[PDB]
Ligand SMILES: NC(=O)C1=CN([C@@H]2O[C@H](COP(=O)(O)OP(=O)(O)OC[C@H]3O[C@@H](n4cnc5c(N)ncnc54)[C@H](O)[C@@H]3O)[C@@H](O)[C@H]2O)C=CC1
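A lone chain, given as structure tokens: the form deposited without the ligand.
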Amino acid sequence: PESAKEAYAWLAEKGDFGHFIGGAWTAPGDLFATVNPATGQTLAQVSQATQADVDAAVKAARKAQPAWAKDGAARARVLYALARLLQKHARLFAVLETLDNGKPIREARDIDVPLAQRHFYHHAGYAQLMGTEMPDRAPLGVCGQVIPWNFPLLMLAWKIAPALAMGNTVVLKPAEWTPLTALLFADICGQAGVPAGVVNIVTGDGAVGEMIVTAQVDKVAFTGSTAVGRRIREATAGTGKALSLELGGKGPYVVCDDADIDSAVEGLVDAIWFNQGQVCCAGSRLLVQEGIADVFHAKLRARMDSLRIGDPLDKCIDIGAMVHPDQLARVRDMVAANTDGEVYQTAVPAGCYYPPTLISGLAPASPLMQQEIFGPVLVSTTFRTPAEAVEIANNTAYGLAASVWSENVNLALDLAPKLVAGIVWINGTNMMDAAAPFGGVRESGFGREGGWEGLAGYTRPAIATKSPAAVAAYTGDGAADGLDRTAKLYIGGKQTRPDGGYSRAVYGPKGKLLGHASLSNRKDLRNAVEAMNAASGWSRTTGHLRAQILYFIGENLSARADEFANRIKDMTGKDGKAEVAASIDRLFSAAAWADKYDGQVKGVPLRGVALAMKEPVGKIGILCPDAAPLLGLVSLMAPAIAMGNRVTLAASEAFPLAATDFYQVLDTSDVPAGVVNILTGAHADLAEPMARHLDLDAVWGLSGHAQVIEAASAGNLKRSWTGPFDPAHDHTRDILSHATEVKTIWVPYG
């Protein structure tokens, strides 16, 4: 096997570890053994950080950030130097990864370390280009980062490289069980020219992670369990921190009747060790078409038998040691709790070694197909038609990566966009490149890592905007209205009474009664969500169709421009002509964009190309500001539906009658039913129900309630945006990003 002598020498040199703060190593503190899981031997003593340590790390990261942000070319040289040092010390990083985590040295040397190198090489260029190619963007500041134990060095690269490229500084904590390659990374920062405090590494358990998440940082980036991601969303709610989450979701692996069987089998067995912890991967949930399922399973079991289990330092080993006894117990207990299907294992579990395991013959609706999967374990079911495969694949709370196998050029490219996922690999699995973004939808989280697409989440606008202050509704005497001037709601292509039956009088600036506006409730929202569900076909329309609709809305608003200006003036006391003209312009800009927001083709040094496609988010609940009674609604609605989303807007609480006049515009413009729904009333009644709703994909709260909205969003981990949003400013291009998901499809290409 491979010599660990240089790794042991480094560990003996470093002695008991403190933390890497402000460019220097601190004294060892409250120490705990970190253990080689394959031998049980102590590798080093590592500290449990204190609150004082985290405070110090964030303070050092903050002190260093403005000088670091100033010169992108200088950052590029440092990122390049880090990649060169990962390459020069590649064998040391690889052995230390194996010693610390248990994975086969062949994977650490062939996969982990080369992809970490490439991540830094590639992201060096983004630092070089940031000033000129991203001129409207600026660094966020300090990033708190938390990563899991399955790919310790590679997870670190995925966090630190883009953060540094965009001029941020970092405080990162490796997983409690696997601190060593992060500590070696810290130890090479000086030689790479990382200025003191630009990188800070602290070690500890989940409590230390929580200290970082709640520290005075500008961004939290986390990879790990869905449950911890929910807690992080709750703990950061209302703080204005940027947040990205790469969570659970071991992916489906779809094998069609006309797949290259032997290649599909080999790709699955070669992924059994890889597909552990929270990582973008596919293979753990096997879906095989029923005509080939028996032959596929028979070939799979025999190929699983050829996997070699043993000493992870042996370059011929395929299945290493489980990372920790806690993880071994997890897998053991998962298998003990299952009574479904037929379990095949290639060897008897022994010591730290758990064998490749296949549980086949499950039903599509079986629970184990949908529950979290631990260890080197595959579960399989069959399907009859490609449509049933899609249905099974999408029948979970997750959506991260997926793999599709078919030799037919139509079938593979017709199934891939139907899978709910951030990544789809055609005729491969677990393909990764620094230029190709990856990340989740649904309960697999949000944000993307890698590529140009990954950079937005480590930046903010160069010029800050500020949301307008709330505006209290005007009051009035309370005299009855002898005319019929009570506005309704707009749900599912028709006007509807508020379920609660109440409406409030609306008064002008001097107390004149203007009319009445409905007070919507949670049942109204529920009806609007059902209407958006019935309008799912809108998310499959062509860009050309959606543009035509938005052009009609703009033209039909123009035809009533003076009427809308008069309504705005009635309500606010201020001339409305400029706001109406801006609203028309936002509609024509969204119409313009509807068929022009292009996906991006990534050249990769692997087989083929990666297509970073733009897709709708789905169903979006939106709360509009008081100010800009028309423009605020139109500015949020138009880019959203341009991108293929369906929306439910809570109009301006103070000034609802421009939105209700807008119902006729939507009707005259043939907006399909359910695509635009409008509620009026008190946002205190609606904000938490919209943010909580388990059947909304995103909530945009631009009228306040940010803490309540962001905390309630953790229920299904919907995307959330709470501003800033200034309707006077044209935010169209930025809202397009809020309104879309990136889905990266890896296809063959000569």
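The term rigid core refers to the most C-alpha atoms you can superpose between the two forms while keeping them within 1.5 Å. Residues that one form lacks are left out of the comparison. We number the residues from 1 along the sequence you see.
Q: Could you settle it for me: does 258-266 or 620-628 have the higher average Cα B factor in the PDB entry?
A: Taking the mean C-alpha B-factor of 258-266 and of 620-628, the larger value falls to 258-266.
Q: Out of 341-349 and 585-593, which one has CA B-factors that are higher on average in the deposited record?
A: The stretch with the larger average C-alpha B-factor is 341-349.
Q: I'd like to know which of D30, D697, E688, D55 has the highest C-alpha temperature factor in the PDB entry.
A: Across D30, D697, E688, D55, the entry lists the biggest C-alpha B-factor for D30.
Q: Using the temperature factors in the entry, find which of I392, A565, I491, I317 has the highest value at its Cα atom.
A: Within the set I392, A565, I491, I317, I317 shows the top C-alpha B-factor.
Q: Sort the modelled residues of this chain by their C-alpha B factor and say whether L43 lands in the lowest, middle or highest third.
A: Top third by C-alpha B-factor.
Q: Compare the C-alpha B factor of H729 with those of the other modelled residues in its chain, then answer lowest, middle or highest third.
A: Top third by C-alpha B-factor.
Q: Report the third (lowest, middle or highest) to which the CA temperature factor of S366 belongs, ranking only the modelled residues of the same chain.
A: According to the entry, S366 has a C-alpha B-factor in the chain's highest third.
Q: Could you tell me which third, lowest, middle or highest, the C-alpha B-factor of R560 occupies within its chain?
A: Tercile = highest for this residue's CA B-factor.
Q: Lowest, middle or highest third of the chain for the C-alpha temperature factor of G723?
A: For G723, the deposited C-alpha B-factor lands in the lowest third.
What follows is about the form deposited with the ligand bound, which we do not show.
Q: Within 4.5 Å of the ligand in the entry with it bound, counting heavy atoms only, one of 623-631, 562-570, 249-257, 327-335 shows up; tell me which.
A: Selected stretch: 327-335.
Q: Counting any non-hydrogen atom inside 4.5 Å, which residue from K614, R84, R231, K418 sits next to the ligand in the entry with it bound?
A: Exactly one residue meets the criterion: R231.
Q: So which of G224, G618, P104, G399 reaches within 4.5 angstroms of the ligand in the entry with it bound, heavy atom to heavy atom?
A: By the 4.5 Å heavy-atom cutoff, the listed residue in contact is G224.
Q: Every residue in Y126, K159 and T169 with a non-hydrogen atom within 4.5 Å of the ligand in the entry with it bound?
A: Not a single listed residue reaches the ligand in the entry with it bound, so no.
Q: Quick check on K173: any heavy atom within 4.5 Å of the ligand in the entry with it bound?
A: Within the cut-off, so yes.
Q: Does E210 reach the ligand in the entry with it bound, with heavy atoms at most 4.5 Å apart?
A: It does: once the ligand is placed as it appears in the entry with it bound, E210 has a heavy atom within 4.5 Å of it.
Q: Indicate whether the ligand has at least one heavy atom within 4.5 Å of a heavy atom of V142 in the entry with it bound.
A: No, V142 is distant from the partner.
Q: I'd like to know whether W177 contacts the ligand in the entry with it bound, with contact meaning heavy atoms within 4.5 angstroms.
A: So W177 counts as contacting the ligand.
Q: What residues, if any, in 263-284 have a non-hydrogen atom within 4.5 angstroms of the ligand in the entry with it bound?
A: Heavy-atom contacts to the ligand in the entry with it bound: only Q278.
Q: With the core superposed, a Cα shift of 2 Å or more between this form and the one not shown singles out one residue among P349, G608, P468, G428. Which one is it?
A: Just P349.
Q: Report the shifted segments between this form and the one not shown, defined as three or more consecutive common residues with all CA displacements of at least 2 angstroms relative to the rigid core fit.
A: CA shift run, sole hit: 348-350.
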